[PDB]
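**Student:** So that you have it, the file is target_17.csv, and it contains CSV, N, CA and C atoms and all ligand atoms:
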chain,number,residue,atom,x,y,z
A,302,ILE,N,127.3,148.5,109.3
A,302,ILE,CA,126.8,148.1,110.6
A,302,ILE,C,126.9,146.6,110.7
A,303,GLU,N,126.5,145.9,109.6
A,303,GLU,CA,126.6,144.5,109.5
A,303,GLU,C,128.0,144.0,109.8
A,304,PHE,N,129.0,144.6,109.1
A,304,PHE,CA,130.3,144.2,109.4
A,304,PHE,C,130.7,144.4,110.8
A,305,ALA,N,130.3,145.6,111.4
A,305,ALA,CA,130.6,145.8,112.8
A,305,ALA,C,130.1,144.7,113.7
A,306,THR,N,128.9,144.3,113.5
A,306,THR,CA,128.3,143.2,114.3
A,306,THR,C,129.0,141.9,114.0
A,307,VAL,N,129.4,141.6,112.8
A,307,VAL,CA,130.2,140.4,112.5
A,307,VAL,C,131.5,140.4,113.3
A,308,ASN,N,132.2,141.6,113.2
A,308,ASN,CA,133.5,141.7,113.9
A,308,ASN,C,133.4,141.6,115.4
A,309,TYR,N,132.3,142.1,115.9
A,309,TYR,CA,132.1,142.0,117.4
A,309,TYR,C,132.2,140.6,117.9
A,310,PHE,N,131.8,139.6,117.1
A,310,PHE,CA,131.8,138.2,117.6
A,310,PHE,C,133.0,137.4,117.1
A,311,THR,N,133.9,138.0,116.4
A,311,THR,CA,135.1,137.3,115.9
A,311,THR,C,136.1,137.1,117.1
A,312,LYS,N,136.5,135.8,117.3
A,312,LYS,CA,137.3,135.4,118.4
A,312,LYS,C,138.8,135.6,118.1
A,313,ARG,N,139.3,134.8,117.1
A,313,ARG,CA,140.7,134.8,116.8
A,313,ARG,C,141.1,135.9,115.8
A,314,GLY,N,142.3,136.5,116.0
A,314,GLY,CA,142.7,137.5,115.1
A,314,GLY,C,143.5,137.1,113.9
A,315,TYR,N,143.6,135.8,113.6
A,315,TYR,CA,144.3,135.2,112.5
A,315,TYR,C,143.4,134.5,111.6
A,316,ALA,N,143.5,134.7,110.3
A,316,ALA,CA,142.7,134.0,109.3
A,316,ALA,C,143.1,132.6,109.1
A,317,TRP,N,142.4,131.9,108.3
A,317,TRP,CA,142.7,130.5,108.0
A,317,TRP,C,144.1,130.4,107.4
A,318,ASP,N,144.9,129.4,107.9
A,318,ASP,CA,146.3,129.3,107.5
A,318,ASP,C,146.4,128.8,106.0
A,319,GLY,N,145.4,128.1,105.5
A,319,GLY,CA,145.5,127.5,104.2
A,319,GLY,C,146.2,126.2,104.1
A,320,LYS,N,146.6,125.7,105.3
A,320,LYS,CA,147.3,124.4,105.3
A,320,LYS,C,146.8,123.6,106.5
A,321,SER,N,145.5,123.6,106.8
A,321,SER,CA,144.9,122.9,107.9
A,321,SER,C,143.5,122.4,107.5
A,322,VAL,N,143.0,121.5,108.4
A,322,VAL,CA,141.7,120.9,108.1
A,322,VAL,C,140.7,121.3,109.2
A,323,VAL,N,140.9,122.5,109.7
A,323,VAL,CA,140.0,123.1,110.7
A,323,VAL,C,140.0,122.2,111.9
B,185,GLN,N,110.0,176.3,97.0
B,185,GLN,CA,110.7,176.0,98.2
B,185,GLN,C,109.9,176.6,99.5
B,186,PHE,N,109.1,177.6,99.3
B,186,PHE,CA,108.3,178.2,100.4
B,186,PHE,C,106.8,177.8,100.3
B,187,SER,N,106.1,178.1,101.3
B,187,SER,CA,104.6,178.0,101.3
B,187,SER,C,104.1,179.3,102.0
B,188,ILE,N,103.2,180.0,101.3
B,188,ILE,CA,102.7,181.3,101.8
B,188,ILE,C,101.7,181.0,103.0
B,189,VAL,N,102.2,181.2,104.2
B,189,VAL,CA,101.3,181.0,105.3
B,189,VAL,C,100.1,181.9,105.4
B,190,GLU,N,100.4,183.2,105.2
B,190,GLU,CA,99.4,184.2,105.3
B,190,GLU,C,99.8,185.4,104.5
B,191,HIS,N,98.7,186.2,104.1
B,191,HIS,CA,98.9,187.5,103.5
B,191,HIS,C,98.1,188.5,104.1
B,192,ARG,N,98.6,189.7,104.2
B,192,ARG,CA,97.9,190.8,104.9
B,192,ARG,C,97.9,192.1,104.1
B,193,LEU,N,97.0,193.0,104.3
B,193,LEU,CA,96.9,194.3,103.7
B,193,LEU,C,96.8,195.3,104.8
B,194,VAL,N,97.5,196.4,104.6
B,194,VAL,CA,97.3,197.6,105.6
B,194,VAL,C,97.4,198.9,104.8
B,195,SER,N,96.6,199.8,105.2
B,195,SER,CA,96.6,201.2,104.6
B,195,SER,C,96.9,202.1,105.7
B,196,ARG,N,97.8,203.1,105.5
B,196,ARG,CA,98.2,204.0,106.6
B,196,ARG,C,98.8,205.2,105.9
B,197,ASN,N,98.8,206.3,106.7
B,197,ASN,CA,99.4,207.6,106.3
B,197,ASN,C,100.7,207.8,107.0
B,198,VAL,N,101.8,207.8,106.3
B,198,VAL,CA,103.1,208.1,106.8
B,198,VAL,C,103.2,209.6,107.1
B,199,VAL,N,103.3,209.9,108.4
B,199,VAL,CA,103.4,211.3,108.8
B,199,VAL,C,104.8,211.8,108.7
B,200,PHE,N,105.2,212.2,107.5
B,200,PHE,CA,106.5,212.8,107.2
B,200,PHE,C,106.4,214.2,107.6
B,201,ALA,N,107.5,214.8,107.9
B,201,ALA,CA,107.6,216.1,108.6
B,201,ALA,C,106.9,217.2,107.8
B,202,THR,N,107.2,217.3,106.5
B,202,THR,CA,106.5,218.3,105.7
B,202,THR,C,105.0,218.0,105.6
B,203,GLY,N,104.6,216.8,105.5
B,203,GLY,CA,103.2,216.5,105.4
B,203,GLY,C,103.0,215.0,105.4
B,204,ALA,N,101.7,214.6,105.5
B,204,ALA,CA,101.4,213.1,105.5
B,204,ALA,C,101.2,212.6,104.1
B,205,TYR,N,101.7,211.4,103.8
B,205,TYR,CA,101.6,210.8,102.5
B,205,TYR,C,100.9,209.5,102.6
B,206,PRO,N,100.1,209.1,101.7
B,206,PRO,CA,99.4,207.8,101.8
B,206,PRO,C,100.3,206.7,101.5
B,207,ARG,N,99.9,205.5,102.0
B,207,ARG,CA,100.6,204.3,101.7
B,207,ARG,C,99.8,203.1,101.9
B,208,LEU,N,100.0,202.1,101.0
B,208,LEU,CA,99.4,200.8,101.1
B,208,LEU,C,100.5,199.8,101.2
B,209,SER,N,100.3,198.6,101.9
B,209,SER,CA,101.3,197.6,102.0
B,209,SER,C,100.6,196.3,102.0
B,210,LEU,N,101.2,195.4,101.1
B,210,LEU,CA,100.8,194.0,101.0
B,210,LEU,C,101.9,193.1,101.4
B,211,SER,N,101.7,192.4,102.5
B,211,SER,CA,102.7,191.6,103.2
B,211,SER,C,102.3,190.1,103.0
B,212,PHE,N,103.4,189.3,102.8
B,212,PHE,CA,103.3,187.8,102.7
B,212,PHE,C,104.2,187.3,103.8
B,213,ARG,N,103.8,186.2,104.5
B,213,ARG,CA,104.6,185.5,105.4
B,213,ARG,C,104.9,184.1,104.8
B,214,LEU,N,106.1,183.9,104.3
B,214,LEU,CA,106.5,182.7,103.8
B,214,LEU,C,107.1,181.8,104.9
B,215,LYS,N,106.8,180.5,104.8
B,215,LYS,CA,107.4,179.5,105.6
B,215,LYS,C,108.2,178.5,104.8
B,216,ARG,N,109.4,178.2,105.1
B,216,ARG,CA,110.3,177.4,104.2
B,216,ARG,C,109.9,175.9,104.5
B,217,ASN,N,110.0,175.1,103.4
B,217,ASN,CA,109.7,173.7,103.5
B,217,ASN,C,111.0,173.0,103.6
B,218,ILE,N,111.1,172.0,104.5
B,218,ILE,CA,112.3,171.4,105.0
B,218,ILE,C,112.6,170.0,104.5
B,219,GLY,N,111.7,169.4,103.8
B,219,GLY,CA,111.9,168.0,103.4
B,219,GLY,C,113.1,167.7,102.6
B,220,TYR,N,113.5,168.7,101.7
B,220,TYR,CA,114.8,168.7,101.1
B,220,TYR,C,115.9,168.6,102.1
B,221,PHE,N,115.9,169.6,103.0
B,221,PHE,CA,117.1,169.7,103.9
B,221,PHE,C,117.1,168.5,104.9
B,222,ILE,N,115.9,168.1,105.4
B,222,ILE,CA,115.9,166.9,106.3
B,222,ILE,C,116.4,165.7,105.6
B,223,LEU,N,115.9,165.5,104.4
B,223,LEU,CA,116.3,164.2,103.7
B,223,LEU,C,117.8,164.3,103.2
B,224,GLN,N,118.4,165.4,103.1
B,224,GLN,CA,119.6,165.5,102.4
B,224,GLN,C,120.8,166.2,103.2
B,225,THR,N,120.5,167.2,104.0
B,225,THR,CA,121.5,167.8,104.8
B,225,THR,C,121.7,167.2,106.2
B,226,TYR,N,120.6,166.8,106.8
B,226,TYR,CA,120.6,166.3,108.1
B,226,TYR,C,120.8,164.8,108.2
B,227,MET,N,120.1,164.0,107.3
B,227,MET,CA,120.2,162.6,107.3
B,227,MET,C,121.7,162.1,107.1
B,228,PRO,N,122.4,162.5,106.1
B,228,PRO,CA,123.8,162.0,105.9
B,228,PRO,C,124.7,162.4,107.0
B,229,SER,N,124.5,163.6,107.6
B,229,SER,CA,125.4,164.0,108.7
B,229,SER,C,125.1,163.1,109.9
B,230,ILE,N,123.8,162.8,110.2
B,230,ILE,CA,123.4,162.0,111.3
B,230,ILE,C,124.0,160.6,111.1
B,231,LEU,N,123.9,160.1,109.9
B,231,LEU,CA,124.3,158.7,109.6
B,231,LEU,C,125.8,158.6,109.7
B,232,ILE,N,126.6,159.6,109.3
B,232,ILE,CA,128.0,159.6,109.4
B,232,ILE,C,128.5,159.7,110.8
B,233,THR,N,127.8,160.5,111.6
B,233,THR,CA,128.1,160.6,113.0
B,233,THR,C,127.8,159.3,113.7
B,234,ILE,N,126.7,158.6,113.3
B,234,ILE,CA,126.4,157.3,113.9
B,234,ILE,C,127.5,156.3,113.5
B,235,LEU,N,128.0,156.3,112.3
B,235,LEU,CA,129.0,155.4,111.8
B,235,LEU,C,130.3,155.6,112.5
B,236,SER,N,130.6,156.9,112.9
B,236,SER,CA,131.8,157.2,113.7
B,236,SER,C,131.8,156.5,115.0
B,237,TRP,N,130.7,156.1,115.6
B,237,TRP,CA,130.7,155.4,116.8
B,237,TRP,C,131.0,153.9,116.7
B,238,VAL,N,131.1,153.4,115.5
B,238,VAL,CA,131.4,152.0,115.3
B,238,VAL,C,132.8,151.7,115.8
B,239,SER,N,133.7,152.6,115.9
B,239,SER,CA,135.0,152.4,116.4
B,239,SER,C,135.1,151.9,117.8
B,240,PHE,N,134.1,152.3,118.6
B,240,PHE,CA,134.1,152.0,120.0
B,240,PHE,C,133.8,150.5,120.2
B,241,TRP,N,133.2,149.8,119.3
B,241,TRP,CA,132.9,148.4,119.3
B,241,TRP,C,134.0,147.5,118.7
B,242,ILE,N,135.1,148.1,118.2
B,242,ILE,CA,136.2,147.4,117.6
B,242,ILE,C,137.3,147.4,118.7
B,243,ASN,N,138.1,146.4,118.7
B,243,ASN,CA,139.2,146.2,119.6
B,243,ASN,C,140.2,147.3,119.5
B,244,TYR,N,140.8,147.6,120.7
B,244,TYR,CA,141.8,148.7,120.7
B,244,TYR,C,143.0,148.4,119.8
B,245,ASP,N,143.4,147.1,119.7
B,245,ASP,CA,144.6,146.7,119.0
B,245,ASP,C,144.4,146.9,117.5
B,246,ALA,N,143.1,146.8,117.0
B,246,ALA,CA,142.9,147.0,115.6
B,246,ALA,C,143.0,148.5,115.2
B,247,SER,N,144.3,148.9,115.1
B,247,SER,CA,144.6,150.3,114.9
B,247,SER,C,144.2,150.8,113.5
B,248,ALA,N,144.5,149.9,112.5
B,248,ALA,CA,144.2,150.3,111.1
B,248,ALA,C,142.7,150.5,110.9
B,249,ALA,N,141.9,149.6,111.3
B,249,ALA,CA,140.5,149.7,111.1
B,249,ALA,C,139.9,150.9,111.8
B,250,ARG,N,140.2,151.1,113.1
B,250,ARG,CA,139.6,152.2,113.8
B,250,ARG,C,140.0,153.5,113.2
B,251,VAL,N,141.3,153.6,112.9
B,251,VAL,CA,141.8,154.9,112.4
B,251,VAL,C,141.2,155.2,111.0
B,252,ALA,N,141.1,154.2,110.1
B,252,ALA,CA,140.5,154.4,108.8
B,252,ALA,C,139.1,154.8,108.9
B,253,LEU,N,138.3,154.2,109.8
B,253,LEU,CA,136.9,154.5,110.0
B,253,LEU,C,136.8,156.0,110.5
B,254,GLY,N,137.6,156.3,111.5
B,254,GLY,CA,137.4,157.7,112.1
B,254,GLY,C,137.8,158.8,111.1
B,255,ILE,N,139.0,158.6,110.5
B,255,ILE,CA,139.5,159.7,109.6
B,255,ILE,C,138.6,159.7,108.3
B,256,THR,N,138.1,158.6,107.8
B,256,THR,CA,137.3,158.7,106.7
B,256,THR,C,135.9,159.3,107.0
B,257,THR,N,135.4,159.1,108.2
B,257,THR,CA,134.2,159.8,108.6
B,257,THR,C,134.5,161.3,108.7
B,258,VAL,N,135.6,161.7,109.2
B,258,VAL,CA,136.0,163.1,109.2
B,258,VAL,C,136.0,163.6,107.8
B,259,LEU,N,136.6,162.9,106.8
B,259,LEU,CA,136.7,163.3,105.5
B,259,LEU,C,135.3,163.4,104.8
B,260,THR,N,134.4,162.5,105.1
B,260,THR,CA,133.1,162.5,104.6
B,260,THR,C,132.3,163.7,105.1
B,261,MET,N,132.5,164.0,106.4
B,261,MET,CA,131.8,165.2,106.9
B,261,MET,C,132.4,166.5,106.3
B,262,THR,N,133.7,166.5,106.0
B,262,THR,CA,134.3,167.6,105.3
B,262,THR,C,133.7,167.8,103.9
B,263,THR,N,133.6,166.6,103.2
B,263,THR,CA,133.0,166.7,101.9
B,263,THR,C,131.6,167.2,101.9
B,264,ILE,N,130.8,166.7,102.8
B,264,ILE,CA,129.4,167.1,102.9
B,264,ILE,C,129.3,168.6,103.2
B,265,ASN,N,130.1,169.1,104.1
B,265,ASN,CA,130.0,170.5,104.5
B,265,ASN,C,130.5,171.4,103.3
B,266,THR,N,131.6,171.0,102.7
B,266,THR,CA,132.1,171.9,101.6
B,266,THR,C,131.1,171.9,100.4
B,267,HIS,N,130.6,170.7,100.0
B,267,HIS,CA,129.7,170.7,98.9
B,267,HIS,C,128.4,171.3,99.2
B,268,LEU,N,127.9,171.2,100.4
B,268,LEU,CA,126.7,171.9,100.8
B,268,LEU,C,126.8,173.4,100.9
B,269,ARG,N,128.0,173.9,101.3
B,269,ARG,CA,128.3,175.3,101.2
B,269,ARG,C,128.3,175.7,99.7
B,270,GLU,N,128.8,174.9,98.8
B,270,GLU,CA,128.8,175.3,97.4
B,270,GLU,C,127.4,175.3,96.9
B,271,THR,N,126.5,174.3,97.2
B,271,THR,CA,125.2,174.3,96.6
B,271,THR,C,124.2,175.3,97.2
B,272,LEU,N,124.3,175.4,98.5
B,272,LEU,CA,123.3,176.3,99.2
B,272,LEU,C,123.6,177.8,98.9
C,401,LIG,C1,124.3,153.6,117.9
C,401,LIG,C2,124.8,152.4,117.1
C,401,LIG,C3,126.3,152.4,117.0
C,401,LIG,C4,126.8,151.5,115.9
C,401,LIG,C5,126.6,150.0,116.2
C,401,LIG,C6,127.5,149.5,117.3
C,401,LIG,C7,127.2,148.0,117.6
C,401,LIG,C8,128.0,147.1,116.6
C,401,LIG,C9,128.3,145.7,117.3
C,401,LIG,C10,127.0,144.9,117.6
C,401,LIG,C11,126.8,144.8,119.1
C,401,LIG,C12,125.4,144.2,119.3
C,401,LIG,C13,125.6,142.7,119.8
C,401,LIG,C14,125.9,142.7,121.3
C,401,LIG,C15,126.0,141.2,121.7
C,401,LIG,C16,126.0,141.1,123.3
C,401,LIG,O1,124.9,141.3,123.9
C,401,LIG,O2,127.1,140.9,123.9
Now, as a test, write the supplied structure out as structure tokens.
Ligand SMILES: CCCCCCCCCCCCCCCC(=O)O
**Tutor:**
Amino acid sequence: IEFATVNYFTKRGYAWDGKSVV
Amino acid sequence: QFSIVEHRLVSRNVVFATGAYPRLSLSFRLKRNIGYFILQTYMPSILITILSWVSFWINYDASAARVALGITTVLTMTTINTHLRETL
């Protein structure tokens, strides 16, 4: 249920690219 | 597993066609205790049914997640039913 709540608030469907500074 | 709610005694003559025969009868009324079943047969089924509703709060496009959740909930219910049939 915790994961479900976390996912409910996720905006972008792509993870961190690994080559950026946020 | 039971609890004897009440016990009763009755004496009567069975009027069988040739003649009447005496009879005594000692009855018990057992009531089954459910804490086993509530804690073990109903709780996991209720929890799995609740978990199956998590798919509605996931986006439609997330096909893998929703499908995995739904079908694994179905598999878990199947496992519970089959093993409970075996044990009971
Ligand atoms: C009956 C419970 C079903 C399972 C839980 C589903 C809800 C998981 C997602 C969390 C939603 C709660 C936060 C809502 C935020 C808001 O008000 O917009």
**Student:** Could I get the residues of chain B with an atom no further than 6.5 Å from an atom of ligand LIG 401 (chain C), each paired with its nearest atom pair and that distance in Å to one decimal, using all atoms listed in the file, sorted by chain and residue number, as a Markdown table?
**Tutor:**
| residue | atom | partner | partner_atom | distance |
| --- | --- | --- | --- | --- |
| B:234 | C | C:LIG401 | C3 | 5.4 |
| B:235 | CA | C:LIG401 | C4 | 6.1 |
| B:237 | C | C:LIG401 | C4 | 4.9 |
| B:238 | CA | C:LIG401 | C4 | 4.7 |
| B:241 | CA | C:LIG401 | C9 | 5.7 |
**Student:** Residues of chain A were defined as contacting chain B if any atom lay at most 7 Å from it, counting all atoms listed in the file; please report them as a PyMOL selection string.
**Tutor:** chain A and resi 305+308-309
**Student:** Mind listing the alpha helix (DSSP H) residues of chain A, per DSSP on the backbone, as a list in words?
**Tutor:**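 Taking chain A and keeping alpha helix (DSSP H) gives residues 303, 304, 305, 306, 307, 308 and 309 of chain A.
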**Student:** Take CA of residue 264 (chain B) and CA of residue 214 (chain B) and report the distance between them in Å, one decimal.
**Tutor:**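 Distance reported for this atom pair: 27.7 Å.
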**Student:** Could you name the residues that touch region 258-261 of chain B at 9 Å or less, counting only C-alpha atoms, but leaving out those on the same chain fewer than 6 positions away, as a CSV table (one decimal) with N, CA and C atoms, in the coordinates of the input?
**Tutor:**
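Once written, selection_32.csv looks like this:
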chain,number,residue,atom,x,y,z
B,228,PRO,N,122.4,162.5,106.1
B,228,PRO,CA,123.8,162.0,105.9
B,228,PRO,C,124.7,162.4,107.0
B,229,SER,N,124.5,163.6,107.6
B,229,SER,CA,125.4,164.0,108.7
B,229,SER,C,125.1,163.1,109.9
B,232,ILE,N,126.6,159.6,109.3
B,232,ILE,CA,128.0,159.6,109.4
B,232,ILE,C,128.5,159.7,110.8
B,233,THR,N,127.8,160.5,111.6
B,233,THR,CA,128.1,160.6,113.0
B,233,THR,C,127.8,159.3,113.7
B,236,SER,N,130.6,156.9,112.9
B,236,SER,CA,131.8,157.2,113.7
B,236,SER,C,131.8,156.5,115.0
**Student:** From a DSSP calculation on the backbone, collect every residue of chain B in strand (DSSP E or B) and output the set as an mmCIF file with N, CA and C atoms, in the coordinates of the input.
**Tutor:**
data_model
loop_
_atom_site.group_PDB
_atom_site.id
_atom_site.type_symbol
_atom_site.label_atom_id
_atom_site.label_comp_id
_atom_site.auth_asym_id
_atom_site.auth_seq_id
_atom_site.Cartn_x
_atom_site.Cartn_y
_atom_site.Cartn_z
ATOM 1 N N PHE B 186 109.100 177.600 99.300
ATOM 2 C CA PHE B 186 108.300 178.200 100.400
ATOM 3 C C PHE B 186 106.800 177.800 100.300
ATOM 4 N N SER B 187 106.100 178.100 101.300
ATOM 5 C CA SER B 187 104.600 178.000 101.300
ATOM 6 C C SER B 187 104.100 179.300 102.000
ATOM 7 N N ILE B 188 103.200 180.000 101.300
ATOM 8 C CA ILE B 188 102.700 181.300 101.800
ATOM 9 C C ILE B 188 101.700 181.000 103.000
ATOM 10 N N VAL B 189 102.200 181.200 104.200
ATOM 11 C CA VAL B 189 101.300 181.000 105.300
ATOM 12 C C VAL B 189 100.100 181.900 105.400
ATOM 13 N N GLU B 190 100.400 183.200 105.200
ATOM 14 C CA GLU B 190 99.400 184.200 105.300
ATOM 15 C C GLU B 190 99.800 185.400 104.500
ATOM 16 N N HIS B 191 98.700 186.200 104.100
ATOM 17 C CA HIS B 191 98.900 187.500 103.500
ATOM 18 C C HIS B 191 98.100 188.500 104.100
ATOM 19 N N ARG B 192 98.600 189.700 104.200
ATOM 20 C CA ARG B 192 97.900 190.800 104.900
ATOM 21 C C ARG B 192 97.900 192.100 104.100
ATOM 22 N N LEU B 193 97.000 193.000 104.300
ATOM 23 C CA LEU B 193 96.900 194.300 103.700
ATOM 24 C C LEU B 193 96.800 195.300 104.800
ATOM 25 N N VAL B 194 97.500 196.400 104.600
ATOM 26 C CA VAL B 194 97.300 197.600 105.600
ATOM 27 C C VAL B 194 97.400 198.900 104.800
ATOM 28 N N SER B 195 96.600 199.800 105.200
ATOM 29 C CA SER B 195 96.600 201.200 104.600
ATOM 30 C C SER B 195 96.900 202.100 105.700
ATOM 31 N N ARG B 196 97.800 203.100 105.500
ATOM 32 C CA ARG B 196 98.200 204.000 106.600
ATOM 33 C C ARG B 196 98.800 205.200 105.900
ATOM 34 N N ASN B 197 98.800 206.300 106.700
ATOM 35 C CA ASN B 197 99.400 207.600 106.300
ATOM 36 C C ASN B 197 100.700 207.800 107.000
ATOM 37 N N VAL B 198 101.800 207.800 106.300
ATOM 38 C CA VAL B 198 103.100 208.100 106.800
ATOM 39 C C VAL B 198 103.200 209.600 107.100
ATOM 40 N N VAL B 199 103.300 209.900 108.400
ATOM 41 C CA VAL B 199 103.400 211.300 108.800
ATOM 42 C C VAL B 199 104.800 211.800 108.700
ATOM 43 N N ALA B 204 101.700 214.600 105.500
ATOM 44 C CA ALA B 204 101.400 213.100 105.500
ATOM 45 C C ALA B 204 101.200 212.600 104.100
ATOM 46 N N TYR B 205 101.700 211.400 103.800
ATOM 47 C CA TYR B 205 101.600 210.800 102.500
ATOM 48 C C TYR B 205 100.900 209.500 102.600
ATOM 49 N N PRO B 206 100.100 209.100 101.700
ATOM 50 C CA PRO B 206 99.400 207.800 101.800
ATOM 51 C C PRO B 206 100.300 206.700 101.500
ATOM 52 N N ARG B 207 99.900 205.500 102.000
ATOM 53 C CA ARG B 207 100.600 204.300 101.700
ATOM 54 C C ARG B 207 99.800 203.100 101.900
ATOM 55 N N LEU B 208 100.000 202.100 101.000
ATOM 56 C CA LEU B 208 99.400 200.800 101.100
ATOM 57 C C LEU B 208 100.500 199.800 101.200
ATOM 58 N N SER B 209 100.300 198.600 101.900
ATOM 59 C CA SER B 209 101.300 197.600 102.000
ATOM 60 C C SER B 209 100.600 196.300 102.000
ATOM 61 N N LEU B 210 101.200 195.400 101.100
ATOM 62 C CA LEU B 210 100.800 194.000 101.000
ATOM 63 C C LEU B 210 101.900 193.100 101.400
ATOM 64 N N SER B 211 101.700 192.400 102.500
ATOM 65 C CA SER B 211 102.700 191.600 103.200
ATOM 66 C C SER B 211 102.300 190.100 103.000
ATOM 67 N N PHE B 212 103.400 189.300 102.800
ATOM 68 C CA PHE B 212 103.300 187.800 102.700
ATOM 69 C C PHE B 212 104.200 187.300 103.800
ATOM 70 N N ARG B 213 103.800 186.200 104.500
ATOM 71 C CA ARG B 213 104.600 185.500 105.400
ATOM 72 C C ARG B 213 104.900 184.100 104.800
ATOM 73 N N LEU B 214 106.100 183.900 104.300
ATOM 74 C CA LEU B 214 106.500 182.700 103.800
ATOM 75 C C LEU B 214 107.100 181.800 104.900
ATOM 76 N N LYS B 215 106.800 180.500 104.800
ATOM 77 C CA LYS B 215 107.400 179.500 105.600
ATOM 78 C C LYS B 215 108.200 178.500 104.800
ATOM 79 N N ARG B 216 109.400 178.200 105.100
ATOM 80 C CA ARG B 216 110.300 177.400 104.200
ATOM 81 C C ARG B 216 109.900 175.900 104.500
#
**Student:** Measure the distance from CA of residue 252 (chain B) to CA of residue 224 (chain B) in Å and round it to one decimal.
**Tutor:**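 Computing it gives 24.5 Å between the two atoms.
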**Student:** N, CA, C and O atoms for region 306-320 of chain A, written as a PDB file, keeping the file's coordinate frame, could you do that?
**Tutor:**
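Result file out_11.pdb:
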ATOM      1  N   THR A 306     128.900 144.300 113.500  1.00  0.00           N
ATOM      2  CA  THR A 306     128.300 143.200 114.300  1.00  0.00           C
ATOM      3  C   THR A 306     129.000 141.900 114.000  1.00  0.00           C
ATOM      4  O   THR A 306     129.234 141.156 114.991  1.00  0.00           O
ATOM      5  N   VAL A 307     129.400 141.600 112.800  1.00  0.00           N
ATOM      6  CA  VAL A 307     130.200 140.400 112.500  1.00  0.00           C
ATOM      7  C   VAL A 307     131.500 140.400 113.300  1.00  0.00           C
ATOM      8  O   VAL A 307     131.905 139.456 113.930  1.00  0.00           O
ATOM      9  N   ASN A 308     132.200 141.600 113.200  1.00  0.00           N
ATOM     10  CA  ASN A 308     133.500 141.700 113.900  1.00  0.00           C
ATOM     11  C   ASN A 308     133.400 141.600 115.400  1.00  0.00           C
ATOM     12  O   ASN A 308     134.331 141.185 116.052  1.00  0.00           O
ATOM     13  N   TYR A 309     132.300 142.100 115.900  1.00  0.00           N
ATOM     14  CA  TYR A 309     132.100 142.000 117.400  1.00  0.00           C
ATOM     15  C   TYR A 309     132.200 140.600 117.900  1.00  0.00           C
ATOM     16  O   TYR A 309     132.561 140.409 119.095  1.00  0.00           O
ATOM     17  N   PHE A 310     131.800 139.600 117.100  1.00  0.00           N
ATOM     18  CA  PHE A 310     131.800 138.200 117.600  1.00  0.00           C
ATOM     19  C   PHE A 310     133.000 137.400 117.100  1.00  0.00           C
ATOM     20  O   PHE A 310     133.073 136.200 117.336  1.00  0.00           O
ATOM     21  N   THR A 311     133.900 138.000 116.400  1.00  0.00           N
ATOM     22  CA  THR A 311     135.100 137.300 115.900  1.00  0.00           C
ATOM     23  C   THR A 311     136.100 137.100 117.100  1.00  0.00           C
ATOM     24  O   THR A 311     136.352 137.988 117.886  1.00  0.00           O
ATOM     25  N   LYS A 312     136.500 135.800 117.300  1.00  0.00           N
ATOM     26  CA  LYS A 312     137.300 135.400 118.400  1.00  0.00           C
ATOM     27  C   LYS A 312     138.800 135.600 118.100  1.00  0.00           C
ATOM     28  O   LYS A 312     139.560 136.304 118.765  1.00  0.00           O
ATOM     29  N   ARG A 313     139.300 134.800 117.100  1.00  0.00           N
ATOM     30  CA  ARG A 313     140.700 134.800 116.800  1.00  0.00           C
ATOM     31  C   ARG A 313     141.100 135.900 115.800  1.00  0.00           C
ATOM     32  O   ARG A 313     140.309 136.191 114.859  1.00  0.00           O
ATOM     33  N   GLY A 314     142.300 136.500 116.000  1.00  0.00           N
ATOM     34  CA  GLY A 314     142.700 137.500 115.100  1.00  0.00           C
ATOM     35  C   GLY A 314     143.500 137.100 113.900  1.00  0.00           C
ATOM     36  O   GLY A 314     144.086 137.918 113.205  1.00  0.00           O
ATOM     37  N   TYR A 315     143.600 135.800 113.600  1.00  0.00           N
ATOM     38  CA  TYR A 315     144.300 135.200 112.500  1.00  0.00           C
ATOM     39  C   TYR A 315     143.400 134.500 111.600  1.00  0.00           C
ATOM     40  O   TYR A 315     142.488 133.723 112.055  1.00  0.00           O
ATOM     41  N   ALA A 316     143.500 134.700 110.300  1.00  0.00           N
ATOM     42  CA  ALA A 316     142.700 134.000 109.300  1.00  0.00           C
ATOM     43  C   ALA A 316     143.100 132.600 109.100  1.00  0.00           C
ATOM     44  O   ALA A 316     144.017 132.085 109.768  1.00  0.00           O
ATOM     45  N   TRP A 317     142.400 131.900 108.300  1.00  0.00           N
ATOM     46  CA  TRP A 317     142.700 130.500 108.000  1.00  0.00           C
ATOM     47  C   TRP A 317     144.100 130.400 107.400  1.00  0.00           C
ATOM     48  O   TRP A 317     144.417 131.135 106.465  1.00  0.00           O
ATOM     49  N   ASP A 318     144.900 129.400 107.900  1.00  0.00           N
ATOM     50  CA  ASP A 318     146.300 129.300 107.500  1.00  0.00           C
ATOM     51  C   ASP A 318     146.400 128.800 106.000  1.00  0.00           C
ATOM     52  O   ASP A 318     147.451 129.042 105.407  1.00  0.00           O
ATOM     53  N   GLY A 319     145.400 128.100 105.500  1.00  0.00           N
ATOM     54  CA  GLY A 319     145.500 127.500 104.200  1.00  0.00           C
ATOM     55  C   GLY A 319     146.200 126.200 104.100  1.00  0.00           C
ATOM     56  O   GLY A 319     146.232 125.587 103.053  1.00  0.00           O
ATOM     57  N   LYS A 320     146.600 125.700 105.300  1.00  0.00           N
ATOM     58  CA  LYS A 320     147.300 124.400 105.300  1.00  0.00           C
ATOM     59  C   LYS A 320     146.800 123.600 106.500  1.00  0.00           C
ATOM     60  O   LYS A 320     147.605 122.981 107.285  1.00  0.00           O
TER      61      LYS A 320
END
